[PDB]
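One-based numbering, in listed order, for ligands and for the atoms of each. Labels below follow one simple rule: chain letters A, B, ... track the order of the sequence lines, proteins then strands, and each chain is numbered from 1. Below, each value reflects all heavy atoms present in this structure, side chains not excepted, and no hydrogens, waters or symmetry copies.
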Number of protein chains: 2
Amino acid sequence: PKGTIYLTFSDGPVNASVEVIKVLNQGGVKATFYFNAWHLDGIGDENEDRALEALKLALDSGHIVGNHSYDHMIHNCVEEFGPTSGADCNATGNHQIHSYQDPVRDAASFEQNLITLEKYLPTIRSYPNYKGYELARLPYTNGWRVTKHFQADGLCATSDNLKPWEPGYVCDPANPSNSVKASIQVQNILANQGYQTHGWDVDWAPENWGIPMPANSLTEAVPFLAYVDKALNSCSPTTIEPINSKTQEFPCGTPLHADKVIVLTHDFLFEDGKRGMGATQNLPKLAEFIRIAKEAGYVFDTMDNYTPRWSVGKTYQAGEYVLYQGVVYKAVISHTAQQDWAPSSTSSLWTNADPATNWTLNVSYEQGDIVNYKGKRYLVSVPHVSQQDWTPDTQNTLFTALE
Amino acid sequence: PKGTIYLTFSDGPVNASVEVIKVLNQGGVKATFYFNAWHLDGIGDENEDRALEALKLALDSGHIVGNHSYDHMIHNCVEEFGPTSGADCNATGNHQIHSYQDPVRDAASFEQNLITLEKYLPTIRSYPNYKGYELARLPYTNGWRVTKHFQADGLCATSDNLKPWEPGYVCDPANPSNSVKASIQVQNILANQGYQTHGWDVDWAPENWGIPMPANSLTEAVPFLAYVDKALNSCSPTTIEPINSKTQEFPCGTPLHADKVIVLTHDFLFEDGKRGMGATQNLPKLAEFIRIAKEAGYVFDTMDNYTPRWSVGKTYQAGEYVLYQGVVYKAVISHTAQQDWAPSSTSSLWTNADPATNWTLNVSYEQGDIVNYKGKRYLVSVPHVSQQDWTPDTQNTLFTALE
Ligand SMILES: CC(=O)N[C@@H]1[C@@H](O)[C@H](O[C@@H]2O[C@H](CO)[C@@H](O)[C@H](O)[C@H]2NC(C)=O)[C@@H](CO)O[C@H]1O
Ligand SMILES: CC(=O)N[C@@H]1[C@@H](O)[C@H](O[C@@H]2O[C@H](CO)[C@@H](O)[C@H](O)[C@H]2NC(C)=O)[C@@H](CO)O[C@H]1O
Ligand SMILES: [Mg+2]
Ligand SMILES: [Mg+2]
Ligand SMILES: [Zn+2]
Ligand SMILES: [Zn+2]
């Protein structure tokens with residue numbers, strides 16, 4: 001295959017999500033949906049009376065559901081969060097200003113999301129394609145927590161004053177805004193709950209979100225495919241425009257990202273309504289895109305496989321990454337996987353490479369790594385593979401407590 | 001050792017927790033704390049200004065913290081939950097009445113509990129002895145979700161009208177109250193989120209909870225040890241009094257429970273205040289109990305070890321259960337565990353035996369079993385070990401869809 005495309009749809013479930021799902025199903029592809037459950041509460045200020053129908057359809061159809069936070073951080077866009085806050089924030093268009101504030105509260109929005117999803121669909125955990133507790137994406141933010149060595153932030157994603165498309169807006173990736181600094185801490189809190197978070201390579205969107213009637217300015221399928229071709233193996237998160245969409249320190253050439261392109265789009269762009277003639281204009285683009293992408297030799301996959309699942313009978317090279325039971329691992333040596341050689345906290349063939357900061361077993365730590373253990377921070381003074389009896393509080397050769 | 005005692009303390013963290021912990025520390029034991037975070041918000045109507053200090057002290061001292069729900073189900077004791085609700089329910093004493101209503105909302109209380117703990121103590125996940133997301137106990141209810149074949153419910157725990165100790169109160173285990181039925185679904189919801197729940201063998205308590213000044217009538221250390229001795233291998237959950245503390249269908253003789261006694265008590269009983277002189281009277285009883293139990297040949301363990309942890313080097317017999325990373329597994333083959341053979345979703349030496357009802361990988365299913373899969377229920381028609389390819393919807397020879 002020329003490469004793998006991951007269609008990711010953010011900000012559903014809304015009425016428009018239904019026909020989108022239908023197109024994916026007619027196109028013969030699975031996608032990943034990053035949902036905000038406030039639409040199920042009917043307070044997300046969209047056409048959303050079919051929200052639960054959409055959720056069920058997405059899952060019944062075998063699409064992956066991931067966590068996009070309960071309310072898309074709209075609580076940070078308003079004075080007091082309530083039923084009108086979505087409309088209120090839509091009135092101002094201030095979504096990317098002060099987007100993140102209290103990272104603890106903001107991370108909690110991800111847990112609340114799951115409460116709400118599991119309330120409206122009490123059976124959701126019986127779907128293996130429900131990954132709301134393993135996979136996440138941050139509102140506004142091309143930020144990544146994939147592996148211990150594959151982590152990077154959207155350093156201009158959100159602002160403390162001006163919108164990124166306004167005159168006078170300035171960003172200094174070396175000195176990110178307060179909103180971005182909070183969003184980084186949110187990334188880290190989720191990683192410690194065992195989430196992976198992913199950004200994107202390309203965005204099926206208007207040039208910027210200041211553009212009026214956004215749904216009326218999506219790229220056609222062919223040019224969009226050209227854009228995908230361009231993004232393939234070209235470290236697209238660093239070159240992407242506009243500036244607030246970049247991941248400046250994305251690890252170019254990282255093997256996990258090779259031959260892959262993650263597409264971001266929004267369900268709401270596929271609706272005839274207040275953003276333009278999205279259903280009429282853009283549903284066919286999506287149908288055509290999927291068709292011509294396959295013809296070009298691309299395959300489509302979902303974000304639960306972005307990190308390839310560990311698989312018996314597969315030969316791994318030392319240093320290769322797999323996903324196993326929601327946990328990322330790294331091959332200690334080149335070998336062919338056997339049934340009883342699975343990655344674990346004691347496997348000799350694998351070390352844990354989750355993108356977390358809490359001290360964890362069977363991790364290959366490097367000098368300078370900082371870990372959290374029983375509420376204190378410790379510098380890794382000597383590189384080692386962690387194990388149960390080498391806890392940072394009692395192993396002063398391996399760890400030094402920070403001041 | 002004669003046996004293992006699991007000291008388990010419910011309803012914290014409160015001011016009284018501090019000196020409880022200290023006595024445990026002085027006695028050289030670890031215990032398990034089933035906490036309700038509403039005390040951290042200061043609305044649980046106890047002396048609880050030191051609630052955070054207590055939480056930190058339990059964790060720092062190495063005690064296990066488990067989930068008891070955010071508000072101990074007081075939202076079901078009042079018409080509108082708020083800051084005064086604890087007080088309001090304490091005025092009427094109606095805690096065991098309609099305690100469980102909407103099982104989905106009630107289960108969500110357990111997840112809200114974790115959000116609140118992680119708000120007041122944002123480093124809490126960096127403690128390995130933090131087991132809030134793995135171990136739980138339902139308010140009022142001697143119910144168990146331990147393994148696929150070790151589950152039983154408290155069929156008279158809560159009522160639809162009278163307090164259990166009132167004249168006129170009747171309970172029929174064969175025809176359980178609606179509150180009991182709701183609690184049974186809560187159990188099942190939690191299990192499908194990967195929780196184990198455990199009840200208790202003996203309760204260090206007043207005769208029943210209608211007893212005024214309940215802290216004043218706590219069994220002395222020596223007689224309490226007698227109660228424990230009697231509980232050892234005697235299926236105490238079936239013989240326990242009062243009626244509402246029973247687990248009527250507890251699997252007597254079940255291998256995981258042999259030589260073990262789980263003790264329930266409440267931090268609030270060790271306080272000098274509104275329930276009697278608990279610190280003065282009861283802390284010394286705790287201290288002495290710990291001392292004499294050790295002398296009698298008992299050891300103390302915590303609930304994260306109740307299902308013994310899989311350990312490299314240990315020999316297991318086919319049919320034995322272990323816990324590994326929060327998941328129960330049953331040995332397929334008698335053997336001596338090695339590094340590379342951790343129990344898992346793909347092990348040929350272990351099958352998953354979590355007490356869940358959702359279809360799950362690598363479970364030894366038996367004809368008659370019923371599983372949930374993508375929102376539908378299926379009857380196991382032929383015994384088999386589940387695997388990724390053998391999903392209920394595509395295996396009409398292994399499963400039969402139910403109406
Ligand atoms: C991945 C991501 O979060 N991208 C951002 C978009 O979600 C976002 O648009 C706004 O989303 C809100 C939540 O659904 C809507 O309430 C709001 O109406 C919508 N704004 C417009 C103009 O449609 C956009 C724009 O703020 O930014 C992306 O970064
Ligand atoms: C483990 C368990 O749930 N045990 C039950 C106790 O929680 C319960 O006592 C009551 O607990 C509430 C929650 O902390 C308190 O608000 C309430 O004041 C307290 N009752 C008294 C009289 O102190 C008891 C009795 O309701 O039943 C147990 O089964
Ligand atoms: Mg994970
Ligand atoms: Mg578990
Ligand atoms: Zn979004
Ligand atoms: Zn309780």
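- Among the atoms of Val328(B), no N, O or S atom falls under 2.8 Å of the Mg ion (ligand 4).
- Residue side and main chain included, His68(A) places an N/O/S atom under 2.8 Å of the Zn ion (ligand 5).
- Here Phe150(A) and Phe250(A) bring their ring centres to under 6.0 angstrom of each other.
- Between the side chain of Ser386(B) and the backbone N or O of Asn362(B), at least one donor-acceptor pair lies under 3.5 Å.
- The O atom of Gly326(A), the Mg ion (ligand 3) and the O atom of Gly194(A) define an angle of 170° (nearest 10 degrees).
- At least one donor-acceptor pair under 3.5 Å links the side chain of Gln325(A) to the backbone N or O of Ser345(B).
- Rounded to 10°, the angle that NE2 of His72(A) and OD1 of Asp11(A) form at the Zn ion (ligand 5) is 90°.
- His257(A) and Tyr306(A) have tilted rings, their planes meeting at an angle from 30° to 60° on a 0 to 90° scale.
- Under the 30°/60° scheme for interplanar angles, the aromatic rings of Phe224(A) and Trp204(A) are found to lie parallel.
- Here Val327(B) fails the criterion, with no N, O or S atom under 2.8 Å of the Mg ion (ligand 4).
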